[PDB]
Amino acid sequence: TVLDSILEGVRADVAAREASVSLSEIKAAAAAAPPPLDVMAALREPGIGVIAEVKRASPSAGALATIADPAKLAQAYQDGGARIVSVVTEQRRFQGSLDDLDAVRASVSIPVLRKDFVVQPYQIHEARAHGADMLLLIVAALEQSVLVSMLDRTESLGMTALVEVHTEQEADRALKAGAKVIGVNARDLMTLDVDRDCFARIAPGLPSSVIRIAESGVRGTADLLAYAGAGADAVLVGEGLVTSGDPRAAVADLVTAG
């Protein structure tokens, strides 16, 4: 239920934004934005992809990094071989914002994942408007019919949904929804505990045609390699990069791991 406190805050913040930027305007801005990059193709490149994350804080970690210049951080990440950059845009717990997403989009060539708690269609068009190529959808946040439509609406905008699951039952739900990319978060969003055995419990269960991303728990090459050994096509890494004095070297170590 950390999820739910995060979610009530999100719904209020979206409504307040929408009051200043109507759903019609954001729809128009999304429609008008340059088309999204082909994230599936990027995910299918040789090697384990490193999805490098821009994140200032979290409920679990507290303050991680000031990231005065998220564009510059994302530049380091691309220089280091990152496949995708994840930008957290939730303001109250993670101290992110859309501005970060704008800054990252303008500064890198690799695809950009908007990492936030997608509860409403507004945020989907908003993601597209602000340049996201990939959008996080959290199965534990979303009732199935809503999941299905959020997924459908994401893909109708050209974006790839990174459908995040924590359990085999969530996985099954994701698959039934039409997920092409499934992320397994070692972290339980209700309680914030990081169970590392998750990916390897779940990943074997998935069709081979589905792309598998290991979210969380990556401290270095050994964790990357372990997820790699359990079927990961890519890993998402944030805490160890944002707190680095040399994020490009930290990324480059992971990109070349093995």
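What we label the rigid core is the largest C-alpha set whose atoms superpose within 1.5 Å from one form to the other. Each residue number is its position in the shown sequence, starting from 1.
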- Of 106 to 114 and 85 to 93, the one with the larger RMS C-alpha deviation from the shown form in 5 other deposited structures of this protein, core-superposed, is 85 to 93
- Task: Kindly name the stretch, out of 161 to 169 and 94 to 102, whose CA atoms are displaced more from this form in 5 other deposited structures of this protein after the core superposition?
- Result: 94 to 102
- Message: With neighbours modelled on both sides, does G62 go without coordinates in a third or more of the other PDB entries compared?
- Response: yes
- Item | Stretch exceeding the other in mean C-alpha B-factor - 204 to 212, 51 to 59 | 204 to 212
- Query: Mean CA B-factor: is it higher for 141 to 149 or for 84 to 92?
  - Reply: 141 to 149
- Item | Residue selected from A228, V39, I67, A30 by maximal Cα B factor | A30
- Item | Within-chain third of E170 by Cα B-factor, per the entry | highest
- Message: Going by the CA temperature factor in the PDB record, which third of the chain does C198 belong to: lowest, middle or highest?
- Response: highest
- Task: Quick one: classify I26 as lowest, middle or highest third of the chain based on its Cα B-factor.
- Result: middle
- Third of chain Cα B-factors occupied by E45: highest
- Message: Test of reading the entry: by CA B factor among the chain's modelled residues, which third contains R105?
- Response: lowest
